[PDB]
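Next comes just one chain, in structure tokens: the form solved without this ligand.
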């Protein structure tokens, strides 16, 4: 599988690292060197080596800025960037063209040609088929990365078959027994699964998705069914298991992921009569496709999530599409006890577009500016009683009110110190509360006990290797995204106009829902009014349409 000497030498001769040379060859085969001699921008499609790398080498050797191969590849990059920076599955043709202008600063005619060339070469796909509603009316087709279009169609297809075929080997029945503990709405989930292969369960914080899910697990297994429980993250999986009293795992591990791909698929389905997936709000199309591809013929799937939480980082909104297309139980009654909680109340206000009624011993905001703000947040945390007592959250990593700068100040306030060992950003010193960023697993807090030159020991108990140093950062403050699935008694949420592009309803909702007992904000009240008012950035996705053209 290794590279022939002169192949490698030549590839490095174009400015590629060894790793890049390996990726190129995996992608192209032996004539990789010939392909990149003919078209260096052919690198745009190789995972790990993008357009940006192709462009740096290209300009480095005085290659023409308006060379059609660059422009063609810029068309592809526009779509790649659409998915990357905003989760789109496609762009209307005029936006794809605009994408190219924006980046390459060529004329519209040059950009139109670049999109046209990409399509006729099959580096991009064009679809203008009406479906249910779109492309013929607005007179503009959708441009996709080819695999994304194939993937969106396949997903809708699996979903369609799942909706349209009843569960079978069937002897699923719902004894009055199994309904105990559950309300009318919750119990219904058990009924719904008697007749249907695909069922969605949604609802917010105080609605009882956990008991409801456990009850599904219980009933199924009493019927002899083999039940697979999973979630998109390690932490989420760990929690599912905890509340279910069972072994729950990552969607990747459940589907037998490895370097060789997903082990489970249509050829070797996941051996489970029922799949329970929690936190589906975090799932993009690609992973949903992988999961559903692995569902045995006739087998069941329960998808559970909260549609008001942050959308997936990856492209698509499949839980949102499915919530509109599948049998879905939307749980709404809040537990009378938890009906009182000022935070639960402020969270529900967000859903009607209102910012929270600040001015309470358990829910209040302190107005601050970005200048010195971080230092101030540290003093606030001290007022609330130290970082053991409060978790700091923020929309962004970067900038004055962001995670890196907030950790820096927190450390300085509570753990002043000279010489630590360097990690993701900054350095770890004994007494530091750090966060594991990679899968034991990602998201988990801890406590540093000691360091050395380039060696680090923290607590569970283990050391820290030079490559592992990259997979660790200070934990006193986290991004709202990183805090997904986790909960604390008291959280200090930083939110301000300085976080402008992140100010949406879903972001503030997730943040608010991280707090069990108390939630204090630092920033501006106006920043909350914006977030409450503003829906999350729109995503281009034709999945719902496809499921419904099908039906």
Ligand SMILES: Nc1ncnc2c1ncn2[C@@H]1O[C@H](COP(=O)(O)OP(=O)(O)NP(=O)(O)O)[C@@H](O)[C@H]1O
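The term rigid core refers to the most C-alpha atoms you can superpose between the two forms while keeping them within 1.5 Å. Positions refer to the first chain, counted from 1.
According to the entry, are there none, 1 to 3, 4 to 9, or 10 or more residues of the deposited sequence without coordinates between residue 133 and residue 134? Unmodelled stretch: 1 to 3 residues, a short break.
Count of coordinate-less deposited residues separating residue 184 and residue 185, as none, 1 to 3, 4 to 9, or 10 or more? Nothing is missing.
Keep in mind that the form solved in complex with this ligand is not shown, yet the notes after this line are about it.
What is the one choice in 335, 408, 414, 441 with a heavy atom within 4.5 Å of this ligand in the entry with it bound? Contact residue from the list: 335.
Looking at 188, 473, 244, 207 here, can you tell me which has any non-hydrogen atom within 4.5 angstroms of this ligand in the entry with it bound? Going through each option in turn, the one that passes is 207.
Exactly one stretch in 69-77, 180-188, 146-154, 84-92 has heavy atoms within 4.5 Å of this ligand in the entry with it bound; which is it? Contact-bearing stretch, as computed: 180-188.
May I ask you to state whether residue 497 is within 4.5 Å of this ligand in the entry with it bound, using heavy atom distances? No, residue 497 stays farther than 4.5 Å from this ligand in the entry with it bound.
Is residue 265 close to this ligand in the entry with it bound, meaning a heavy atom pair under 4.5 Å apart or at it? No, no contact at 4.5 Å.
So, residue 211 and this ligand: in the entry with it bound, are they within 4.5 Å at any heavy atom pair? Residue 211 belongs to the contact set for this ligand.
Is residue 309 close enough to touch this ligand in the entry with it bound, meaning at least one heavy atom pair within 4.5 Å? Heavy-atom contact with this ligand at 4.5 Å: present for residue 309.
Which of 92, 241, 400, 146 is displaced between this form and the one not shown by 2 angstroms or more at its C-alpha, rigid core aligned: The displaced C-alpha is that of 400.
Threshold 2 Å Cα movement between this form and the one not shown at residue 447, rigid core reference: Yes, the C-alpha position differs by at least 2 Å between this form and the one not shown.
Core aligned, does the CA of residue 429 move at least 2 Å between this form and the one not shown? After core superposition, the C-alpha of residue 429 moves 2 Å or more between this form and the one not shown.
Core-superposed C-alpha of residue 213 shifting 2 Å or more between this form and the one not shown: No, the C-alpha moves less than 2 Å.
Residue pair residue 469, residue 49 - Cα distance in the entry with it bound, closer or farther (3 Å or more): Compared with this form, residue 469 and residue 49 lie farther apart in the entry with it bound.
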